[PDB]
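Descriptive structure summary
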Amino acid sequence: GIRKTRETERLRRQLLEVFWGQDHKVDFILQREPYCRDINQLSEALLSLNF
Amino acid sequence: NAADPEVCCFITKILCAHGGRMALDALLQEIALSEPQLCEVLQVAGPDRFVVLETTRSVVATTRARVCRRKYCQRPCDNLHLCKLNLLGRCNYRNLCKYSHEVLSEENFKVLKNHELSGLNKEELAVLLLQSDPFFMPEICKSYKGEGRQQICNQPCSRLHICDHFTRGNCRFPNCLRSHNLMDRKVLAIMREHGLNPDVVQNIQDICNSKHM
Ligand SMILES: [Zn+2]
Ligand SMILES: [Zn+2]
Ligand SMILES: [Zn+2]
Ligand SMILES: [Zn+2]
Ligand SMILES: [Zn+2]
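Rules and cut-offs
Residues numbered from 1 in each chain as written, not as in the entry; some residues may be left out. Chains lettered and ligands numbered in written order. Heavy atoms only, no water. Residues with missing side-chain atoms left out of burial classes, pairs and counts. Helix = DSSP H or I, 4+ residues; strand = E, 2+ residues; numbered from the N terminus. Rg over C-alpha atoms; globule rule 2.2 N^0.38 Å. Domains from an automatic or database assignment. Contact = heavy atoms within 4.5 Å. Buried area = accessible area lost by both parts, 1.4 Å probe. Salt bridge = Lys/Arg side-chain N within 4 Å of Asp/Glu carboxyl O. Polar contact = N/O pair within 3.5 Å; in protein donor to acceptor, adjacent residues only side chain to side chain. Donors = N, O, S within 2.8 Å, 3.2 Å for Na, K, Ca; no water. Tetrahedral: all angles 85-135°; square planar, octahedral: opposite > 155°, others 65-115°. Nonpolar A, V, L, I, M, F, W, Y, C, P; charged D, E, K, R; others polar. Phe/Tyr/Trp six-rings, centres within 6.5 Å; stacked < 30°, edge-to-face > 60°. Buried < 20%, exposed > 50% of the residue type's maximum accessible area, 1.4 Å probe, protein only. Pairing = 2+ DSSP bridges. Axes fitted to C-alpha atoms, helices over the stretch in contact; angles between N-to-C directions. Parallel < 35°, antiparallel > 145°, perpendicular 65-115°, else oblique. Left-handed = near helix turned anticlockwise from the far one by under 90°.

The PDB entry lists chain B under the name Zinc finger CCCH-type antiviral protein 1, from Homo sapiens. The title given to this PDB entry is "Complex of Zinc Finger Antiviral Protein RBD and KHNYN CTD".

The name that the PDB entry assigns to chain A is Protein KHNYN, with the source organism given as Homo sapiens.

1. Topic: the overall build of chain B
Looking only at helices and strands, one finds nine helices and three strands in chain B. When the helices and strands of chain B are placed in sequence order, the string is α-β-α-α-β-β-α-α-α-α-α-α. Here chain B has a C-alpha radius of gyration of 18 Å; the compact-globule value for 213 residues is 17 Å, and the two agree. Expressed as lengths along the three principal axes of its C-alpha atoms, the size of chain B is roughly 55 × 45 × 25 Å.

2. Quick notes on unusual backbone geometry
Residue and element names in this part refer to chain B. Residue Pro76 follows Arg75 across a cis peptide bond; omega there is 5°. Tracing the chain through its elements places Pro76 in the loop between β3 (57-61) and α4 (84-87). A positive phi angle, close to 75°, is found at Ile152, a residue other than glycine. Note that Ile152 resides in the loop between α6 (122-132) and α7 (164-167).

3. Focus on the domain arrangement of chain B
Residue and element names in this part refer to chain B. Under the domain assignment, chain B is made up of domain 1 (3-65) and domain 2 (66-213). If you average the C-alpha positions of domain 1 and of domain 2, the two centres end up 22 Å apart. Counting residues at the interface gives 20 residues for domain 1, matched by 21 residues for domain 2. Here domain 1 meets domain 2 over a buried area of about 1800 Å², counting both sides, of which 57% is carbon and sulfur. Linking domain 1 with domain 2 are two salt bridges. Counting every contact that joins domain 1 to domain 2 gives 10 residue pairs in polar contact.

4. Notes on the coordination of the zinc ion (ligand 3)
Binding of the zinc ion (ligand 3) to the protein goes through B:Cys83 (SG), B:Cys91 (SG), B:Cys97 (SG) and B:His101 (NE2), at separations of 2.1 to 2.4 Å. Every donor counted, the four donor atoms about the zinc ion (ligand 3) form angles of 105 to 119° at the centre, which fits tetrahedral coordination.

5. Notes on the interface of chain A and chain B
Counting residues at the interface gives 10 residues for chain A, matched by 20 residues for chain B. Class assignment of the residues belonging to the side of chain A that touches chain B gives a composition of four nonpolar, three polar and three charged.

6. Some remarks on the packing of aromatic side chains
For the structure shown, the criterion picks out four aromatic pairs over all chains. With a centroid separation of 5.3 Å and an interplanar angle of 70°, the aromatic rings of A:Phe28 and B:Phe10 are classed as edge-to-face. Taken together, the residues span two chains, with A:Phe28 in helix α2 (residues 23-32) and B:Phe10 in helix α1 (residues 5-17). By relative accessible area, which is 2% here, B:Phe10 ends up buried. Among the aromatic residues, those joined into a cluster by ring pairs are A:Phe28, A:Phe51 and B:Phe10.

7. Remarks on the sheet that holds β3(B)
Residues and elements named next belong to chain B. Pairing in this open sheet of three strands is antiparallel, and the strands run β1-β3-β2 from one edge to the other. Pairing within the sheet leaves two strands with one partner each, and these edge strands are β1 (21-23) and β2 (50-54). Going from strand to strand, the sheet's axes swing by 20° on average, the running direction of each strand aside.

8. Quick word on the packing of helix α1 (residues 5-18) of chain A against helix α3 (residues 39-47) of chain A
Residue and element names in this part refer to chain A. Running from amino to carboxyl end, α1 crosses α3 at an angle of 50°, the nearest separation of the two axes being 11 Å. In this view, α1 runs oblique relative to α3, as classed from their interaxial angle. Pair α1 / α3 crosses with right-handed handedness. The segment α1 lies against α3, with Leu11, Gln14 and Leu15 engaging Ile39, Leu42 and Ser43. Among the residues forming the contact of α1 with α3, the class breakdown is four nonpolar, two polar and no charged.

Shown next, in the form of structure tokens:
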């Protein structure tokens, strides 16, 4: 269920490559869905934020 | 949409990633909202989440979420469960601590969802609780009665010569002689020895001044 440190970090680095310079937003999305392992669901959740 | 909980938690998150306080101008560089849009969110969320000061507008993050003070807690209990000493950079702890070191455990995640705070990491939550939860402050001197009286107390005194009600946000009495000033030289020394730097104490002071109104 809950992600491992290496899984979270791999997902973080991948999300940061797409959403450059959005470190706080990438982490905010990773903390809101800590069980999610899908890069595409995590990317669509980030894109839903109007800020 | 100034009332959205997602945008409020994201502001709390940025403020706590930068020490619990930021100038409005510096906060704007990190969130895609115009100045009036950000101002509307801060205003409608109010002083229970954001304390705004005209120092040059400055913003201090706060919360009503509290940590459980029980030495042994028997569930149910709807507070956060975490090691207090660990957050102050002073837990000696194989880990034989009887208090949770997993800041974002399943139990704590649920409490964070109730306070609309899911999205904060363990470092940002520590900064937030340190300036909002009075459980993180050092002990108050019980023999301290007020200013210009009793030679301070019976005693340097290792405890705070501050109003207890002021720190807990409930000093609703007009005849209070006890100090509400945390930026005093002696208070800062006691706060520092217990893990609270003067920037954190100034955040606490502003939050407590906000509760006093
Ligand atoms: Zn930042
Ligand atoms: Zn408890
Ligand atoms: Zn501990
Ligand atoms: Zn004393
Ligand atoms: Zn008082």
